[PDB]
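Single chain ahead, written as structure tokens, the form deposited in one PDB entry.
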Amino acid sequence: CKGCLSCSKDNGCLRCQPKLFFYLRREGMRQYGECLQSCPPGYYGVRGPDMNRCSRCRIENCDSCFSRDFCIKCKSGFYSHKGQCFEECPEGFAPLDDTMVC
């Protein structure tokens, strides 16, 4: 019960402050809500109909999302380009000297 506006011990956070993101944390049998500064790793923020919520980051070989079609940080050993990750770095530009960015 941290970051909520209305709260229950069984359900955790019910409603969030406008500034925080709603997120259902699972724990085997338990499921309780949380309001967070940002969405947890592997999730990106979504200003939903009633709630700011967290959607799962589903991009090809990406590990961290800003948005649905844009990647922050790729699967280690992949090269990022315009929010997309590649093993075979494309013909647009070559990888930079050390850092993995085409």
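In case it trips you up, residue 1 is the first one in the sequence shown, and so on.
With 83-91 and 17-25 compared on mean CA B-factor from the PDB entry, the stretch scoring higher is 83-91. Among all modelled residues in this chain, the alpha-carbon of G77 has a temperature factor (C-alpha) in the middle third. In this PDB entry, the Cα temperature factor of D50 sits in the top third of its chain's modelled residues, the highest group.
The form deposited in another entry is left out here; the points below concern that form.
Two rigid parts of the chain rotate against each other between this form and the one not shown, and of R68, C54, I72, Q31 the one at the hinge is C54.
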